[PDB]
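One file, run15.cif, carrying mmCIF, C-alpha atoms:
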```cif
data_my_file
#
loop_
_atom_site.label_atom_id
_atom_site.label_comp_id
_atom_site.auth_asym_id
_atom_site.auth_seq_id
_atom_site.Cartn_x
_atom_site.Cartn_y
_atom_site.Cartn_z
CA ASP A 43 -6.29 35.82 40.90
CA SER A 44 -7.07 35.29 44.61
CA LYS A 45 -4.41 37.08 46.68
CA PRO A 46 -5.10 39.71 49.33
CA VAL A 47 -6.03 43.15 48.08
CA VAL A 48 -3.20 45.59 47.29
CA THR A 49 -2.89 49.06 45.82
CA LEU A 50 -0.44 50.04 43.07
CA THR A 51 0.43 53.66 42.30
CA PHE A 52 0.72 54.52 38.59
CA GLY A 53 2.48 57.63 37.32
CA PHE A 54 2.10 58.86 33.75
CA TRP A 55 2.21 62.01 31.63
CA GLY A 56 0.12 63.25 28.77
CA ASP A 57 -2.28 65.76 27.34
CA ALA A 58 -6.00 65.66 28.17
CA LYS A 59 -6.78 62.96 25.57
CA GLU A 60 -3.93 60.74 26.80
CA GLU A 61 -5.14 61.20 30.40
CA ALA A 62 -8.69 60.21 29.47
CA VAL A 63 -7.80 57.00 27.61
CA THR A 64 -5.36 55.98 30.34
CA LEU A 65 -8.04 56.41 33.01
CA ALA A 66 -10.38 54.33 30.84
CA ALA A 67 -7.77 51.56 30.67
CA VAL A 68 -7.36 51.69 34.47
CA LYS A 69 -11.14 51.45 34.85
CA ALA A 70 -11.12 48.27 32.75
CA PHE A 71 -8.23 46.86 34.78
CA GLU A 72 -9.89 47.52 38.14
CA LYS A 73 -12.99 45.63 36.93
CA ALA A 74 -10.92 42.71 35.59
CA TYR A 75 -8.66 42.46 38.65
CA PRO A 76 -10.81 43.55 41.59
CA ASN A 77 -8.17 42.61 44.20
CA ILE A 78 -5.81 45.28 42.83
CA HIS A 79 -6.53 48.96 43.27
CA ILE A 80 -4.78 51.42 41.00
CA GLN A 81 -4.01 54.85 42.39
CA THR A 82 -3.20 57.09 39.43
CA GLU A 83 -0.64 59.86 39.73
CA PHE A 84 -1.17 61.83 36.53
CA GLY A 85 1.75 64.24 36.32
CA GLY A 86 0.55 66.54 33.54
CA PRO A 87 2.60 67.17 30.40
CA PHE A 88 5.96 65.47 29.71
CA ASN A 89 8.32 68.04 31.24
CA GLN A 90 6.18 68.61 34.33
CA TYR A 91 5.91 64.86 34.90
CA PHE A 92 9.63 64.19 34.63
CA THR A 93 10.62 67.20 36.69
CA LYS A 94 8.40 66.03 39.57
CA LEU A 95 9.22 62.33 39.08
CA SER A 96 12.95 62.99 39.50
CA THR A 97 12.41 64.60 42.91
CA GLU A 98 9.79 62.04 44.06
CA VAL A 99 11.90 59.02 43.05
CA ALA A 100 15.05 60.40 44.68
CA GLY A 101 13.04 60.80 47.92
CA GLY A 102 11.64 57.24 48.10
CA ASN A 103 8.20 58.16 46.71
CA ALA A 104 8.38 56.46 43.29
CA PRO A 105 5.11 55.11 41.94
CA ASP A 106 4.94 51.33 41.51
CA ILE A 107 4.36 51.70 37.77
CA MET A 108 5.96 54.55 35.84
CA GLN A 109 5.41 55.64 32.30
CA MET A 110 8.96 56.11 30.98
CA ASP A 111 10.57 57.76 28.00
CA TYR A 112 13.51 56.63 25.84
CA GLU A 113 15.39 59.84 26.78
CA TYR A 114 15.37 59.04 30.52
CA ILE A 115 15.31 55.26 30.84
CA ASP A 116 19.12 54.91 30.97
CA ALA A 117 19.38 57.35 33.87
CA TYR A 118 16.62 55.71 35.94
CA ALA A 119 17.90 52.19 35.16
CA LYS A 120 21.53 52.92 36.03
CA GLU A 121 20.55 54.50 39.34
CA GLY A 122 18.72 51.29 40.22
CA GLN A 123 15.21 52.75 40.28
CA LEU A 124 13.69 50.32 37.73
CA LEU A 125 12.79 46.67 38.11
CA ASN A 126 14.53 44.26 35.74
CA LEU A 127 11.66 42.79 33.73
CA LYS A 128 13.76 40.24 31.85
CA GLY A 129 12.05 36.87 32.12
CA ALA A 130 9.26 38.29 34.30
CA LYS A 131 6.78 35.48 34.90
CA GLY A 132 3.69 37.70 34.62
CA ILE A 133 4.48 39.62 31.41
CA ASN A 134 3.76 38.00 28.07
CA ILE A 135 6.40 39.38 25.70
CA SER A 136 5.74 36.73 23.01
CA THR A 137 3.45 39.33 21.39
CA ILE A 138 6.25 41.91 21.09
CA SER A 139 9.06 41.90 18.53
CA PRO A 140 12.57 41.28 19.84
CA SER A 141 13.90 44.40 18.05
CA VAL A 142 11.25 46.49 19.81
CA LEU A 143 12.04 44.93 23.21
CA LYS A 144 15.73 45.78 22.72
CA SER A 145 14.86 49.49 23.07
CA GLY A 146 14.05 48.86 26.77
CA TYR A 147 17.40 47.16 27.50
CA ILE A 148 20.18 48.82 29.47
CA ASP A 149 23.36 46.80 30.18
CA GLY A 150 21.68 43.39 29.81
CA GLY A 151 18.55 44.14 31.86
CA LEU A 152 15.09 44.98 30.51
CA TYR A 153 13.84 48.11 32.28
CA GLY A 154 10.86 49.19 30.22
CA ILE A 155 8.49 47.69 27.70
CA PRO A 156 7.42 49.88 24.77
CA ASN A 157 3.70 50.55 24.95
CA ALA A 158 3.09 51.81 21.40
CA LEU A 159 4.88 51.98 18.08
CA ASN A 160 5.56 54.06 14.99
CA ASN A 161 7.72 53.60 11.92
CA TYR A 162 8.39 55.04 8.48
CA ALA A 163 6.22 54.11 5.51
CA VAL A 164 5.64 55.26 1.98
CA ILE A 165 2.07 56.54 1.89
CA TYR A 166 0.94 56.59 -1.71
CA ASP A 167 -2.02 57.22 -4.00
CA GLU A 168 -2.94 53.69 -5.08
CA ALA A 169 -4.61 54.64 -8.33
CA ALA A 170 -1.79 56.98 -9.36
CA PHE A 171 0.93 54.39 -8.75
CA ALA A 172 -1.09 51.68 -10.50
CA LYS A 173 -0.49 53.75 -13.68
CA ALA A 174 3.19 52.75 -13.34
CA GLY A 175 2.34 49.15 -12.40
CA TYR A 176 3.37 49.73 -8.78
CA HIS A 177 1.22 47.97 -6.18
CA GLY A 178 3.09 48.45 -2.90
CA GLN A 179 5.95 45.95 -2.95
CA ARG A 180 9.13 46.99 -1.23
CA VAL A 181 11.70 48.27 -3.71
CA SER A 182 15.24 49.64 -3.82
CA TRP A 183 15.91 53.38 -3.94
CA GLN A 184 16.89 53.14 -7.64
CA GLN A 185 13.82 51.06 -8.48
CA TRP A 186 11.72 53.60 -6.60
CA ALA A 187 13.24 56.54 -8.53
CA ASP A 188 12.32 54.75 -11.78
CA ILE A 189 8.76 54.20 -10.55
CA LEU A 190 8.47 57.86 -9.51
CA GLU A 191 9.63 58.95 -12.97
CA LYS A 192 6.96 56.73 -14.57
CA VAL A 193 4.19 58.03 -12.29
CA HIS A 194 5.19 61.65 -13.00
CA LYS A 195 5.12 60.92 -16.75
CA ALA A 196 1.62 59.46 -16.47
CA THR A 197 0.16 62.14 -14.18
CA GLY A 198 2.08 65.37 -14.77
CA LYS A 199 2.04 65.78 -10.98
CA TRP A 200 4.82 65.29 -8.45
CA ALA A 201 5.10 61.58 -7.74
CA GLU A 202 6.37 62.13 -4.17
CA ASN A 203 7.20 64.94 -1.78
CA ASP A 204 10.86 65.83 -1.37
CA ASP A 205 11.13 63.83 1.85
CA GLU A 206 14.47 65.05 3.12
CA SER A 207 14.79 65.51 6.85
CA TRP A 208 17.26 64.63 9.55
CA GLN A 209 15.31 61.52 10.48
CA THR A 210 14.86 60.24 6.90
CA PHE A 211 18.58 60.80 6.50
CA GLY A 212 18.94 58.68 9.67
CA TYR A 213 17.23 55.84 7.80
CA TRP A 214 19.64 56.24 4.85
CA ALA A 215 22.66 56.42 7.13
CA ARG A 216 21.62 53.20 8.89
CA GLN A 217 21.34 51.47 5.49
CA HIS A 218 24.97 52.43 4.89
CA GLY A 219 26.14 50.88 8.17
CA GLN A 220 26.28 54.31 9.81
CA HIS A 221 24.17 56.42 12.19
CA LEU A 222 23.24 60.04 12.80
CA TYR A 223 25.48 59.91 15.90
CA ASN A 224 28.10 57.68 17.34
CA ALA A 225 26.85 55.65 20.34
CA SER A 226 27.90 58.26 22.96
CA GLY A 227 26.66 61.24 20.92
CA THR A 228 30.15 62.83 20.90
CA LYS A 229 30.28 63.08 17.10
CA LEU A 230 28.28 62.39 13.96
CA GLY A 231 28.12 58.72 13.09
CA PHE A 232 28.23 58.98 9.30
CA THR A 233 30.61 60.11 6.56
CA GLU A 234 30.35 62.93 4.05
CA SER A 235 29.96 60.42 1.23
CA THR A 236 26.84 58.94 2.84
CA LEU A 237 25.20 62.35 3.19
CA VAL A 238 26.19 63.49 -0.31
CA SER A 239 24.74 60.33 -1.88
CA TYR A 240 21.44 60.99 -0.06
CA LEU A 241 21.39 64.62 -1.14
CA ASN A 242 22.21 63.65 -4.75
CA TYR A 243 19.43 61.10 -4.82
CA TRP A 244 16.81 63.74 -4.08
CA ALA A 245 18.56 66.39 -6.21
CA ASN A 246 18.26 64.08 -9.23
CA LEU A 247 14.52 63.66 -8.59
CA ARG A 248 14.12 67.45 -8.32
CA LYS A 249 16.05 67.97 -11.59
CA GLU A 250 13.62 65.64 -13.38
CA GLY A 251 10.55 67.39 -11.87
CA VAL A 252 9.46 64.23 -10.09
CA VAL A 253 9.43 65.78 -6.58
CA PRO A 254 8.61 69.42 -5.82
CA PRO A 255 11.17 72.25 -6.11
CA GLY A 256 12.68 73.75 -2.95
CA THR A 257 10.42 76.78 -3.14
CA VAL A 258 7.37 74.51 -2.84
CA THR A 259 8.91 72.28 -0.17
CA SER A 260 9.79 75.34 1.91
CA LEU A 261 6.07 76.14 2.35
CA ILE A 262 5.31 72.82 4.04
CA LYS A 263 4.62 73.36 7.76
CA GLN A 264 4.00 69.72 8.76
CA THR A 265 3.04 66.44 7.17
CA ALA A 266 -0.73 66.34 6.60
CA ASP A 267 -1.05 70.14 7.06
CA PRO A 268 -2.95 72.00 4.31
CA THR A 269 0.50 73.14 3.06
CA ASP A 270 1.50 69.50 2.35
CA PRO A 271 1.41 68.99 -1.45
CA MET A 272 -0.18 65.58 -0.92
CA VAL A 273 -3.09 67.24 0.88
CA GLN A 274 -3.32 69.73 -2.01
CA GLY A 275 -3.45 66.91 -4.56
CA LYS A 276 -0.22 68.08 -6.18
CA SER A 277 1.90 65.11 -5.00
CA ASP A 278 1.01 61.42 -5.06
CA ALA A 279 3.17 60.05 -2.21
CA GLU A 280 5.05 60.85 0.95
CA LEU A 281 7.69 58.98 2.97
CA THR A 282 6.72 59.73 6.56
CA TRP A 283 5.60 58.20 9.83
CA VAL A 284 2.90 55.62 9.30
CA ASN A 285 0.65 57.27 11.94
CA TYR A 286 -0.03 60.07 9.47
CA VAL A 287 -2.12 57.81 7.21
CA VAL A 288 -5.26 58.43 9.31
CA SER A 289 -4.89 62.23 9.09
CA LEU A 290 -3.93 62.17 5.41
CA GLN A 291 -6.76 59.87 4.43
CA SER A 292 -9.28 62.11 6.26
CA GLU A 293 -8.27 65.01 3.98
CA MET A 294 -8.85 63.34 0.60
CA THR A 295 -11.15 60.91 -1.12
CA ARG A 296 -8.42 59.15 -3.12
CA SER A 297 -7.48 55.84 -1.57
CA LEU A 298 -4.09 55.69 0.11
CA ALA A 299 -1.95 52.61 0.58
CA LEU A 300 1.22 51.84 2.47
CA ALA A 301 4.58 50.36 1.54
CA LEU A 302 7.72 49.79 3.54
CA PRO A 303 10.35 52.41 2.66
CA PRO A 304 12.89 51.67 -0.05
CA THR A 305 15.97 49.57 0.46
CA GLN A 306 19.66 50.01 -0.31
CA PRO A 307 21.22 47.16 -2.31
CA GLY A 308 24.42 46.03 -0.58
CA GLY A 309 23.21 47.89 2.50
CA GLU A 310 21.94 47.07 5.98
CA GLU A 311 18.33 47.39 7.09
CA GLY A 312 17.50 51.03 7.80
CA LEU A 313 14.07 50.52 9.29
CA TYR A 314 13.48 50.66 13.03
CA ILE A 315 10.37 50.80 15.16
CA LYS A 316 10.21 53.89 17.34
CA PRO A 317 8.86 53.18 20.84
CA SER A 318 6.43 55.95 21.75
CA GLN A 319 6.87 55.42 25.48
CA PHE A 320 7.50 52.58 27.92
CA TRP A 321 5.91 50.96 30.94
CA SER A 322 8.41 50.53 33.78
CA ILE A 323 8.09 49.20 37.33
CA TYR A 324 9.76 50.60 40.45
CA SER A 325 12.69 48.42 41.51
CA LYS A 326 11.53 48.62 45.14
CA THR A 327 7.83 48.03 44.63
CA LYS A 328 6.30 45.96 47.42
CA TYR A 329 4.03 44.29 44.84
CA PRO A 330 6.08 43.14 41.86
CA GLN A 331 3.69 40.29 40.93
CA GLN A 332 0.67 42.62 40.80
CA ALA A 333 2.76 45.30 39.03
CA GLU A 334 3.69 42.78 36.32
CA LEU A 335 0.03 41.76 36.01
CA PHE A 336 -0.95 45.42 35.52
CA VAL A 337 1.74 46.06 32.91
CA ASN A 338 0.78 42.86 31.13
CA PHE A 339 -2.86 43.99 31.07
CA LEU A 340 -1.91 47.33 29.51
CA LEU A 341 0.22 45.57 26.91
CA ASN A 342 -1.90 42.56 25.99
CA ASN A 343 -5.49 42.89 27.13
CA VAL A 344 -8.03 43.70 24.42
CA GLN A 345 -10.19 45.80 26.83
CA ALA A 346 -7.10 47.87 27.55
CA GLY A 347 -6.38 48.04 23.82
CA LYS A 348 -9.85 49.38 23.07
CA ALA A 349 -9.59 51.94 25.88
CA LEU A 350 -6.07 53.09 24.93
CA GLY A 351 -6.78 53.20 21.21
CA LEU A 352 -4.17 54.69 18.88
CA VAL A 353 -3.54 57.76 21.00
CA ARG A 354 0.11 56.88 21.83
CA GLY A 355 0.72 55.07 18.54
CA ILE A 356 0.17 51.60 17.12
CA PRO A 357 -0.42 48.93 19.77
CA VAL A 358 2.75 47.07 20.63
CA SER A 359 1.10 43.65 21.09
CA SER A 360 0.44 41.42 18.08
CA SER A 361 -2.60 39.90 19.83
CA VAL A 362 -4.12 43.35 20.49
CA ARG A 363 -3.51 44.41 16.89
CA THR A 364 -5.18 41.19 15.64
CA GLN A 365 -8.23 41.67 17.85
CA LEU A 366 -8.57 45.39 17.03
CA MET A 367 -8.24 44.61 13.27
CA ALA A 368 -11.18 42.23 13.63
CA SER A 369 -13.24 44.92 15.36
CA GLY A 370 -12.56 48.47 16.57
CA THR A 371 -10.52 49.99 13.71
CA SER A 372 -11.26 52.10 10.61
CA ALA A 373 -9.90 51.15 7.17
CA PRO A 374 -6.83 53.42 7.44
CA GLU A 375 -6.10 52.07 10.95
CA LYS A 376 -6.32 48.48 9.64
CA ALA A 377 -3.87 49.42 6.89
CA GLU A 378 -1.48 50.88 9.48
CA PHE A 379 -1.63 47.69 11.55
CA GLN A 380 -0.91 45.55 8.48
CA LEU A 381 2.04 47.73 7.53
CA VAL A 382 3.46 47.57 11.07
CA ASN A 383 3.20 43.77 10.97
CA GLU A 384 5.39 43.80 7.83
CA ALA A 385 7.74 46.37 9.38
CA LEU A 386 8.28 44.16 12.41
CA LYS A 387 9.60 41.37 10.17
CA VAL A 388 12.53 43.50 8.97
CA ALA A 389 13.13 46.25 11.54
CA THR A 390 16.31 46.35 13.58
CA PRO A 391 16.74 48.08 16.92
CA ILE A 392 16.49 51.85 17.16
CA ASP A 393 19.75 53.77 17.65
CA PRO A 394 20.70 54.87 21.16
CA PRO A 395 19.06 58.07 22.47
CA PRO A 396 20.55 61.20 20.87
CA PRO A 397 22.77 63.84 22.52
CA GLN A 398 21.32 67.05 24.00
CA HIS A 399 22.05 69.16 20.88
CA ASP A 400 19.83 66.99 18.60
CA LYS A 401 17.04 69.57 18.26
CA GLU A 402 19.48 72.28 17.08
CA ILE A 403 21.35 69.85 14.80
CA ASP A 404 18.05 68.68 13.28
CA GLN A 405 17.15 72.32 12.57
CA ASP A 406 20.62 72.98 11.09
CA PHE A 407 20.17 69.93 8.85
CA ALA A 408 16.79 71.16 7.62
CA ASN A 409 18.31 74.58 6.89
CA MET A 410 21.17 72.98 4.93
CA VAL A 411 18.73 70.80 3.02
CA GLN A 412 16.69 73.89 2.18
CA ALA A 413 19.87 75.69 0.94
CA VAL A 414 20.71 72.72 -1.28
CA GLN A 415 17.09 72.54 -2.58
CA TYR A 416 17.21 76.25 -3.37
CA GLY A 417 20.50 75.80 -5.26
CA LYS A 418 22.33 78.14 -2.88
CA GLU A 419 25.00 75.49 -2.27
CA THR A 420 26.07 72.17 -3.75
CA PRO A 421 25.35 68.89 -1.99
CA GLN A 422 29.04 68.47 -1.20
CA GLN A 423 29.29 72.06 0.09
CA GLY A 424 26.17 71.68 2.25
CA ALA A 425 27.27 68.31 3.62
CA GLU A 426 30.73 69.66 4.54
CA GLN A 427 29.37 72.81 6.13
CA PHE A 428 26.63 71.03 8.09
CA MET A 429 28.97 68.31 9.39
CA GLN A 430 31.69 70.71 10.52
CA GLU A 431 29.06 72.77 12.35
CA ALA A 432 27.37 69.80 14.02
CA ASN A 433 30.67 68.11 15.02
CA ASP A 434 31.92 71.41 16.52
CA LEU A 435 28.70 71.70 18.53
CA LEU A 436 28.91 68.09 19.73
CA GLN A 437 32.57 68.58 20.79
CA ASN A 438 31.68 71.76 22.70
#
```
Here is a file; write its structure as structure tokens.
Amino acid sequence: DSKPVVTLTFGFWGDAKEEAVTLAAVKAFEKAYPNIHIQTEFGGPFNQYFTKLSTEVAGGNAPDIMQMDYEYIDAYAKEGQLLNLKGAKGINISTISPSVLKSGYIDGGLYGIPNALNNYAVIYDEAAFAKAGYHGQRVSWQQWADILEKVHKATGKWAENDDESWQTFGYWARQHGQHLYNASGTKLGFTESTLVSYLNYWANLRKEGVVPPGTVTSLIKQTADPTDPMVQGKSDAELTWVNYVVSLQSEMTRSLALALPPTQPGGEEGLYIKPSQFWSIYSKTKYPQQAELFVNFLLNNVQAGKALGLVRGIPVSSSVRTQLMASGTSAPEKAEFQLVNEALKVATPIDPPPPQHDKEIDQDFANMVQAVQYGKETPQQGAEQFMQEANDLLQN
């Protein structure tokens, strides 16, 4: 490009590692496009960044490019602070899945482009599952339960963790044409029946000894922690975020593989791609063409991709993934990229952002799940109790 020199300001949040890789990407950009200066406005961690950004934007001091979060994009977009990127001449969105792009839409306009991705996967011990003749194909929940039973029979170990959580329930609910919340977040978006069928599915696996008992599950601090039975070699699979494969694989010599999570016959597609964050442009930027060129560079340029790495998640661009698969990724990273490519074929858009009480409700769900796993209450009792509690909280 040969236009007069301009400067773009670029606001973003992160920890120290995120700051470093972002500055490295900016370095690469400034070399590639020497008639565009980037003035970074690193805002510190998430909350600090958004607290300051709100006051700066309201006062006319918005940066030209803004890292944006799913929680806040509606507010910024509706106020008119974000440039509509739909059909932007300078941004190549042919490398991004439509379902993923939908997450940046507000009332027909595109106000942010996801910059990195995550999604659910089954992470499994290849050699263990080969004993049941399972080699990673996508299966139904009932087919999966049969496979787990066969693996357990062959190994005497747990075939999978008891992977009950609010967000894996979200996946199940979506398969049943429902959602954790209704669109406005004023009530739960699923029925008791849907939750009880989920709880019963896992309860049956516990009964058969195929997933760990509640007393074992209760010790797990986080996926890939030393308290995770997969890390201990006591379980042979886990349904979790695909990003965990790098951490998990680093903790054990047994080869791990990835499958898409199980399906519900007669159901809808549960899988979605979670956008880690978004790139957005100020609606009133003086330099929209250069801003688009910068965002496009971050999304699609391989030098940017190498600089940014996997810090925020899996690269959003198919071209960047292809080029990083060829060179610049470890074996587990390559596996992640391949899984995400399969996920993108099936995934539907993520649900709208949750209501303010989500963190508490998530914790209440986990506590109910734990009570059910311990045998302190029945699935139906736990479902009823949890739902009444959550709906009361959402209504207040």
### Message
Taking the file as I've supplied it (selection: the PyMOL selection byres ((chain A and resi 371-376) around 9)), which residues are included? Please answer as a ChimeraX atom specification.
### Response
/A:285,287-288,291,298-299,351-352,356,363,366-370,377-381
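Selection check: the PyMOL selection byres ((chain A and resi 50) around 8) on the shown file gives residues 48, 49, 51, 52, 78, 79, 80, 81, 105, 106, 107, 329, 332 and 333 of chain A.
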Is there a way to get, as a PDB file with C-alpha atoms, in the coordinates of the input, all residues within 12 Å of the point (20.9, 46.3, 0.0) in file coordinates, counting all atoms listed in the file?
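Okay, out_18.pdb is ready:
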```
ATOM      1  CA  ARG A 180       9.130  46.990  -1.230  1.00  0.00           C
ATOM      2  CA  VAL A 181      11.700  48.270  -3.710  1.00  0.00           C
ATOM      3  CA  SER A 182      15.240  49.640  -3.820  1.00  0.00           C
ATOM      4  CA  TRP A 183      15.910  53.380  -3.940  1.00  0.00           C
ATOM      5  CA  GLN A 184      16.890  53.140  -7.640  1.00  0.00           C
ATOM      6  CA  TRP A 214      19.640  56.240   4.850  1.00  0.00           C
ATOM      7  CA  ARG A 216      21.620  53.200   8.890  1.00  0.00           C
ATOM      8  CA  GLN A 217      21.340  51.470   5.490  1.00  0.00           C
ATOM      9  CA  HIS A 218      24.970  52.430   4.890  1.00  0.00           C
ATOM     10  CA  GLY A 219      26.140  50.880   8.170  1.00  0.00           C
ATOM     11  CA  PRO A 304      12.890  51.670  -0.050  1.00  0.00           C
ATOM     12  CA  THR A 305      15.970  49.570   0.460  1.00  0.00           C
ATOM     13  CA  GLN A 306      19.660  50.010  -0.310  1.00  0.00           C
ATOM     14  CA  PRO A 307      21.220  47.160  -2.310  1.00  0.00           C
ATOM     15  CA  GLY A 308      24.420  46.030  -0.580  1.00  0.00           C
ATOM     16  CA  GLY A 309      23.210  47.890   2.500  1.00  0.00           C
ATOM     17  CA  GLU A 310      21.940  47.070   5.980  1.00  0.00           C
ATOM     18  CA  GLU A 311      18.330  47.390   7.090  1.00  0.00           C
ATOM     19  CA  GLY A 312      17.500  51.030   7.800  1.00  0.00           C
TER      20      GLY A 312
END
```
### Query
For this file, the PyMOL selection byres ((chain A and resi 260) around 10) selects which residues, as a PyMOL selection string?
chain A and resi 254-259+261-263+269+408-409+412+415-416
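The residue that comes closest to residue 63 (chain A), out of A:272, A:354, A:102, A:281 and on the basis of only C-alpha atoms, is A:354.
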Excluding residue 121 (chain A) and its own-chain neighbours fewer than 3 positions away, which residues fall within 12 Å of it when counting all atoms listed in the file? Please give them as a PDB file with C-alpha atoms, keeping the file's coordinate frame.
```
ATOM      1  CA  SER A  96      12.950  62.990  39.500  1.00  0.00           C
ATOM      2  CA  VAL A  99      11.900  59.020  43.050  1.00  0.00           C
ATOM      3  CA  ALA A 100      15.050  60.400  44.680  1.00  0.00           C
ATOM      4  CA  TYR A 114      15.370  59.040  30.520  1.00  0.00           C
ATOM      5  CA  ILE A 115      15.310  55.260  30.840  1.00  0.00           C
ATOM      6  CA  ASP A 116      19.120  54.910  30.970  1.00  0.00           C
ATOM      7  CA  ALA A 117      19.380  57.350  33.870  1.00  0.00           C
ATOM      8  CA  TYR A 118      16.620  55.710  35.940  1.00  0.00           C
ATOM      9  CA  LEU A 124      13.690  50.320  37.730  1.00  0.00           C
ATOM     10  CA  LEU A 125      12.790  46.670  38.110  1.00  0.00           C
ATOM     11  CA  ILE A 148      20.180  48.820  29.470  1.00  0.00           C
ATOM     12  CA  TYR A 153      13.840  48.110  32.280  1.00  0.00           C
ATOM     13  CA  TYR A 324       9.760  50.600  40.450  1.00  0.00           C
ATOM     14  CA  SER A 325      12.690  48.420  41.510  1.00  0.00           C
TER      15      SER A 325
END
```
Can region 284-298 of chain A be brought up to N, CA and C atoms and written out as a compact mmCIF listing (two decimals), in the coordinates of the input?
```txt
# COMPACT_ATOMS: atom_id res chain seq x y z
N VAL A 284 4.09 56.32 9.73
CA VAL A 284 2.90 55.62 9.30
C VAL A 284 1.62 56.14 9.98
N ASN A 285 1.76 56.69 11.18
CA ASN A 285 0.65 57.27 11.94
C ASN A 285 -0.11 58.34 11.18
N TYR A 286 0.58 59.01 10.26
CA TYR A 286 -0.03 60.07 9.47
C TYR A 286 -1.08 59.58 8.48
N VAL A 287 -1.16 58.27 8.22
CA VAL A 287 -2.12 57.81 7.21
C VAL A 287 -3.56 58.15 7.60
N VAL A 288 -3.89 58.14 8.89
CA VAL A 288 -5.26 58.43 9.31
C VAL A 288 -5.60 59.89 8.98
N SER A 289 -4.72 60.80 9.38
CA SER A 289 -4.89 62.23 9.09
C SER A 289 -4.94 62.50 7.59
N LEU A 290 -3.98 61.96 6.85
CA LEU A 290 -3.93 62.17 5.41
C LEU A 290 -5.19 61.65 4.74
N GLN A 291 -5.60 60.44 5.09
CA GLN A 291 -6.76 59.87 4.43
C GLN A 291 -8.03 60.66 4.70
N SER A 292 -8.13 61.26 5.89
CA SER A 292 -9.28 62.11 6.26
C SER A 292 -9.41 63.37 5.40
N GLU A 293 -8.32 63.75 4.73
CA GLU A 293 -8.27 65.01 3.98
C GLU A 293 -8.53 64.83 2.49
N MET A 294 -8.71 63.59 2.03
CA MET A 294 -8.85 63.34 0.60
C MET A 294 -9.62 62.10 0.32
N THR A 295 -10.35 62.08 -0.79
CA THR A 295 -11.15 60.91 -1.12
C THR A 295 -10.37 59.81 -1.84
N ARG A 296 -9.24 60.15 -2.45
CA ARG A 296 -8.42 59.15 -3.12
C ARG A 296 -7.86 58.17 -2.11
N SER A 297 -7.91 56.90 -2.47
CA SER A 297 -7.48 55.84 -1.57
C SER A 297 -5.97 55.79 -1.44
N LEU A 298 -5.51 55.79 -0.19
CA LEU A 298 -4.09 55.69 0.11
C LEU A 298 -3.71 54.29 0.56
```
